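Engineer: sequence plus experimental coordinates follow:
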Amino acid sequence: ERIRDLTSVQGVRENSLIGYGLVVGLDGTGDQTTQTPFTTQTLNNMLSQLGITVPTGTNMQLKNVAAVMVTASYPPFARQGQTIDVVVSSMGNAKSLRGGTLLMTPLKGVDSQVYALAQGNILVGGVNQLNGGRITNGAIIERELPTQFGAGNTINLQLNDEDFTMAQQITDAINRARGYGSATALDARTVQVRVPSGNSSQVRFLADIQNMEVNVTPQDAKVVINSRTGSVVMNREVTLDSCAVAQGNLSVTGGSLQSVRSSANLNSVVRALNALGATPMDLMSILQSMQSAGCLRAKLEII
Amino acid sequence: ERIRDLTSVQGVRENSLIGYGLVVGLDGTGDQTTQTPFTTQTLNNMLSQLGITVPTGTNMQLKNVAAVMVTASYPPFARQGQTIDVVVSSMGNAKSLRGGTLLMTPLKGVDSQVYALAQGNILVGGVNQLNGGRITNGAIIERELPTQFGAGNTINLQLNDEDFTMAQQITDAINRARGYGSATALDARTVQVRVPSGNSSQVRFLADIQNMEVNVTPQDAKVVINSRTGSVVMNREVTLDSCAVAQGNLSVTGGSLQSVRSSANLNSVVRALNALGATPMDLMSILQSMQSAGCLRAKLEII
Amino acid sequence: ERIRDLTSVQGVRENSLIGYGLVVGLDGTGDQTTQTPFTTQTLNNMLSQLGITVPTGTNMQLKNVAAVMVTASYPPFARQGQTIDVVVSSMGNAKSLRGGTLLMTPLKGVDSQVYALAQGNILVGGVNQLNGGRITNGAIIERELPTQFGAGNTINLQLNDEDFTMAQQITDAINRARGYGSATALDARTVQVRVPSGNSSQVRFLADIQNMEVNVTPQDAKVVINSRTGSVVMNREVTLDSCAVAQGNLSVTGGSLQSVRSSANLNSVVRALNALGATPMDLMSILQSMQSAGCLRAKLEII
Amino acid sequence: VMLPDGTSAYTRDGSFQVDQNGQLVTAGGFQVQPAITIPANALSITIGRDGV
Amino acid sequence: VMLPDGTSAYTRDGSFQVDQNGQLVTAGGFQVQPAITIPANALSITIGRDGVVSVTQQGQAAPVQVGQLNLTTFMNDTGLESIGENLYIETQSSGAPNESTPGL
Amino acid sequence: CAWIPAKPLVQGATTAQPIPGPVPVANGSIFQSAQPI
């Protein structure tokens, strides 16, 4: 299952669909509709379409209706009649969407064409979000996308993470179980494979390819710091050099300057960094300072 | 039962029907009708149709009537006279729909044509939703849709989830119990089967096909995180690499940087992640940071 | 009794009838009639018809009269003189319909033609609904519908739920006890049977057909979630795959990530899901997340 | 005078005003049954000795 | 009115104020069901005889309403439990609090 | 003197017909961008 988990097929991709709708059946937790004119305007549009023309000059003050935006993913090779999941998010001053029902909503693409029609019952968790829900199989595909799959004798596998070693390894793996010249790497992120002419032939070829297992090679040393959530993650290839670290309210347990032992593997790094007795908030600053000095032999990314 | 649970037949699909109606018989828990003019307007329309013309200039302040939207699904091969379930959702400032009765409601399609007529008694749970109910067999089909089923010698089975391996597996399964060239995969999501010319012949063929069992192949490794409900779900094909994790108020039980053991199967992953002693809210951030670093060898989806 | 409980006969269907009436004899629990002008207007109409012309300019403030809507079902092959049950629902600001009597009410069809005449005593339960009641044999059929039953040699049995396997099974069952070519399936929802020419002959044939028993075949795996009532129902064909589940305030009983054992039958699924110790409100989110990930091998419907 | 709930009250305050649909109402907005609708093109309103 | 615990209390003190997110609240800040949101464009707020809350705005000859102020009626007003902070709760006596629009 | 032919100030055409757009490529994407400037 390595090749499918590492790469993606060229032309097999997911698009994004968006639309506007109304959610009805709320228990008095909808829009105020005095500060969100589009809710009442679109309700009047729906009624006018259905055969009820409400007078232009009138005051409608609803409480069970909310104006929402619906987002979905158009899956690869989607055919009309299939169903997809949608996400429903409130748009103006609505308290909750607990037990609402999404009315008929056309999901447009980037090209402003309807690719799906959405309508269903929203499932809201019930510290849980109240203005956001999900409808499983809530939208039906109405339009299909032409594709070039099955045409030509080349298929590109696109690596999720760029690596010359991994690209070469996938090339050598495809060229071991599937013939001599069945794959050629084009760059650090693309492996071009030669496929038989046809549609089912390429499907069979890619089915074979996808479940093959490749031995993942060492992949860069990096320390990911998320300051907004206060988390630090170090992969296996992170090392350290011997150097001294000082920080506020931290001391040898006896001065404030603690020596960090050079470290070869990740267990040594973890032990050396835990010897400092540093909170992760302090550990982030320690890692940044060590990266500046040169003790930390890894790529420090702040996400 | 695998093929029916995995695929859908081309042309065998469900449509969405919508309509507007009134719910009567509520115990003073209907619309205020002073802030929802359409309720009184449509009640006057109904009376005028029935033979009662209420004066244009008058004040009607009802309490047992609510204006509702009715939604239903038009089932495949629906014939006139059959019954379907409908969902009734209040539209404006109604307190409840406890024991109301849905009056005659025409359910329109996307093409604004009446496909069903809805009327019945609403069943409301009774923390339960009060403005939303369901009527079983509450609508009768009045229009039928022409279809191309039974015409031609090709039928497409559309996989619910795109997979070249699964498409090839279904193709090989249909071509084992039903002849040599009875199925051909067209893409990652479509399997074209050759069916005899006729209507009952295709029904028999698809009845045979649908209950066949296919051996499901490994299907991608993915971690689904629902932040709105605070849930994390990992399938069997999720693995881990050895790396260090630090987060606020979490420590080895002795520093704050805990080593996560490489993990091959899902039990190892669960044990390694439970060794951190992390709340799911913290676990979501841990998983996101590990995906950024590269320890988590899976596809992280946020739903 | 399987065929009658699974299918319906073509042309044997129920229509919906609606009408407006007045309910009298209430113990001061009728309309205010100052906010519902149609009650007094229709009472004056009734008096004018009966021979009493109340002056146009006058104030009538009734308390024992309520304006109601009456709904009924027109049964198949209904003949004039037969009686049907009706449902009486209040229409404006009436407190109760406890011991009221429904006056002569013409029940119109969709074509605005009188098909029944309704008049009787309302039975109200007495947390019970007060503005809604039912009258058994409260309406008498006055019009009959022409039908094509007994004409032609084809009769369509329409399956309640679409299934190619079930359609084929009914076709084979009818063709086992009633001759070689007595039934032909037309689609996933229709079985066409060949009947003798005549009226009583078709009645006899359908009497034979209806009580036949068919062996119901596995029917799709689906999990029904009703968030408005907070209920989850899983049928027998629901399975699970091994995967890890995390949710708020749920832990192994010891981390927060609990492994759910792969499950083949429904008992295994129930045991695995009860091992999580999840409230149904949490179980709904768990099931949705597992459907997103891929552990849940069933069709998740939100009703 | 007709109250909003529909019951009739009685007043000796004779200060009446025309509402937005014609009609003579009390200063509090309560209508003065027996009702009196005043047309738009009115040049003068005359209330006589015999209530006309 | 709605207590912070989530249970409803009943008061007769008629002093209300609009808080920073509209919402008519009591002087202690407790929200006054059935929720009344006042827009910022309001020039004058009028609470009617029947509890109708109408709001006038600029460039709109017709006053924009906001909601209904419903009163709770008990069958033994002597029986409510006095919580303290100008609030009464339904005891075993004065049960079944009957909501009603004012005037009827 | 007002009948003398004269050349207006804004010469040329005072309208432009929208040009039909390129045919989308068969790459499996909904977003299709014309020749970018």
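Structural biologist: All right, it came through fine. Numbering: from 1, shown residues only, chains lettered A, B, ... in the order given.
Engineer: quick one: contacts for residue A:51?
Structural biologist: Residues counted as contacts of residue A:51 (Cβ atoms under 8 Å, 6 or more residues apart in numbering or on different chains) are residue B:20. Placement of C-beta: from N, CA and C, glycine included.
Engineer: the strands in the stretch 1-150 of chain A, which residues?
Structural biologist: A:7-9, A:15-24, A:65-74, A:83-90, A:101-108, A:114-121, A:132-141 (DSSP state E, counting those that start in this stretch).
Engineer: any idea how far residue A:128 is from residue A:138?
Structural biologist: As judged by Cβ to Cβ, to the nearest Å, residue A:128 and residue A:138 stand 19 Å apart.
Engineer: go on, residue D:49?
Structural biologist: 75 Å.
Engineer: one step back: turn the strands of the stretch 1-150 of chain A into a markdown table, columns for mean neighbour count and distance to residue C:17.
Structural biologist: Below are the strands of the stretch 1-150 of chain A laid out as a markdown table (neighbours: other Cβ atoms under 10 Å in any protein chain shown; distance: least, Cβ to Cβ, whole Å):
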| stretch | mean neighbour count | distance to residue C:17 |
| --- | --- | --- |
| strand A:7-9 | 19 | 58 |
| strand A:15-24 | 21 | 28 |
| strand A:65-74 | 23 | 31 |
| strand A:83-90 | 22 | 36 |
| strand A:101-108 | 23 | 28 |
| strand A:114-121 | 24 | 29 |
| strand A:132-141 | 24 | 34 |
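Engineer: what does chain D have sitting close to chain B?
Structural biologist: residue D:21 (Cβ under 8 Å from any Cβ of the partner chain).
Engineer: for chain C, what's its nearest residue on chain D.
Structural biologist: residue D:6 (3.1 Å; Cβ to the nearest Cβ).
Engineer: find the nearest non-adjacent residue to that residue, please.
Structural biologist: residue C:34 (3.1 Å; Cβ to Cβ, 6 or more residues apart in numbering or on different chains).
Engineer: again with residue A:273
Structural biologist: Distances taken as Cβ to Cβ, 6+ apart put residue B:257 closest to residue A:273, at 5.1 Å, once the chain neighbours are dropped.
Engineer: so what sits opposite the one you found in the bridge?
Structural biologist: As for beta bridges, residue B:257 partners with residue B:246 under DSSP bridges.
Engineer: give me the neighbour count for it.
Structural biologist: 24 (other Cβ atoms under 10 Å in any protein chain shown).
Engineer: can you name the residues in contact with the helix or strand hosting residue A:287?
Structural biologist: If you go by DSSP states H and E, residue A:287 is part of helix A:280-293. The contact list for helix A:280-293 (Cβ under 8 Å, 6+ apart) reads A:223, A:225, A:227, A:230-232, A:240, A:243, A:245, A:247-248, A:250, A:260, A:273, A:276, A:278, A:296, A:298, A:300, B:246-248, B:256-257.
Engineer: so how far is chain A from the spatially closest residue to residue D:2 that is not a sequence neighbour?
Structural biologist: Computed as Cβ to Cβ, 6+ apart, the closest residue to residue D:2 that is not its neighbour in sequence is residue D:33, at 4.4 Å. For residue D:33, the distance to chain A equals 28 Å [Cβ to the nearest Cβ, to the nearest Å].
Engineer: for residue A:294, see how far away residue A:242 is.
Structural biologist: 11 Å.
Engineer: mind listing what the nearest residue to residue A:197 once chain neighbours are set aside touches?
Structural biologist: Distances taken as Cβ to Cβ, 6+ apart put residue A:153 closest to residue A:197, at 5.8 Å, once the chain neighbours are dropped. By Cβ under 8 Å, 6+ apart, residue A:153 lies in contact with A:194-197.
Engineer: chain A contacts on chain F?
Structural biologist: For chain F, the residues in contact with chain A (Cβ under 8 Å from any Cβ) are F:24, F:26-32.
Engineer: and those residues, which are buried?
Structural biologist: F:28-30 (16 or more other Cβ atoms under 10 Å in any protein chain shown).
Engineer: can you list those in a markdown table and add secondary structure?
Structural biologist: Output for those, formatted as a markdown table (DSSP: H, G, I helix; E, B strand; the rest coil):
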| residue | secondary structure |
| --- | --- |
| F:28 | coil |
| F:29 | coil |
| F:30 | coil |
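Engineer: quick one: which of these is nearest residue C:215?
Structural biologist: residue F:28 (44.4 Å; Cβ to Cβ).
Engineer: residues in contact with that closest one?
Structural biologist: Contact analysis of residue F:28 by Cβ under 8 Å, 6+ apart lists A:11-13, A:15, A:76-77, A:145, A:147, A:149.
Engineer: strands along chain D, start to end?
Structural biologist: Remark: strands assigned in chain D by DSSP state E are D:16-19, D:22-26.
Engineer: same question for the stretch 151-300 of chain A.
Structural biologist: Going by DSSP E, counting those that start in this stretch, the stretch 151-300 of chain A shows strands at A:154-159, A:183-185, A:190-194, A:222-226, A:231-234, A:239-240, A:243-246, A:257-260, A:296-297, A:299-302.
Engineer: buried deepest among those strands, which one?
Structural biologist: Among the strands of the stretch 151-300 of chain A, strand A:231-234 has the highest mean neighbour count (mean count of other Cβ atoms under 10 Å in any protein chain shown), at a mean of 27.
Engineer: what comes up buried for the helix holding residue A:287?
Structural biologist: Across helix A:280-293, burial judged by 16+ other Cβ under 10 Å covers A:280, A:282-284, A:286-287, A:290.
Engineer: ok, so of the residues you listed, who is nearest chain D?
Structural biologist: Nearest to chain D among those, with distances taken as Cβ to the nearest Cβ, is residue A:280, at 66.9 Å.
Engineer: mind checking how far that closest one is from chain C?
Structural biologist: 19 Å.
Engineer: residues in contact with the closest residue in space to that residue that isn't next to it in sequence?
Structural biologist: Nearest residue to residue A:280 in three dimensions, chain neighbours excluded: residue B:246, at 4.2 Å (Cβ to Cβ, 6+ apart). Each residue near residue B:246 by Cβ under 8 Å, 6+ apart is listed here: A:231-233, A:280, A:283, B:256-258.
Engineer: distance of residue A:56 relative to residue E:66?
Structural biologist: Remark: distance between residue A:56 and residue E:66 (Cβ to Cβ) = 21 Å.
Engineer: from chain D, which residue is nearest to chain A?
Structural biologist: Counting by Cβ to the nearest Cβ, chain D gets nearest chain A through residue D:20, at 14.0 Å.
Engineer: number of residues surrounding that residue?
Structural biologist: Neighbours of residue D:20 (other Cβ under 10 Å): 6.
Engineer: give the bridge partners for it, please.
Structural biologist: Here residue D:20, judged by DSSP bridges, has bridge partners residue D:22.
Engineer: residue A:74 contacts residue A:108, doesn't it?
Structural biologist: No - using Cβ atoms under 8 Å, residue A:74 makes no contact with residue A:108, being 10.7 Å away.
Engineer: need the residues touching each of these two.
Structural biologist: Common neighbours of residue A:74 and residue A:108, using Cβ under 8 Å, 6+ apart, are A:17, A:115.
Engineer: ok, now how distant is the nearest residue to residue A:174 once chain neighbours are set aside from residue A:168?
Structural biologist: Nearest residue to residue A:174, sequence neighbours excluded (Cβ to Cβ, 6+ apart): residue A:183, at 3.7 Å. In this view, residue A:183 and residue A:168 are 10 Å apart by Cβ to Cβ.
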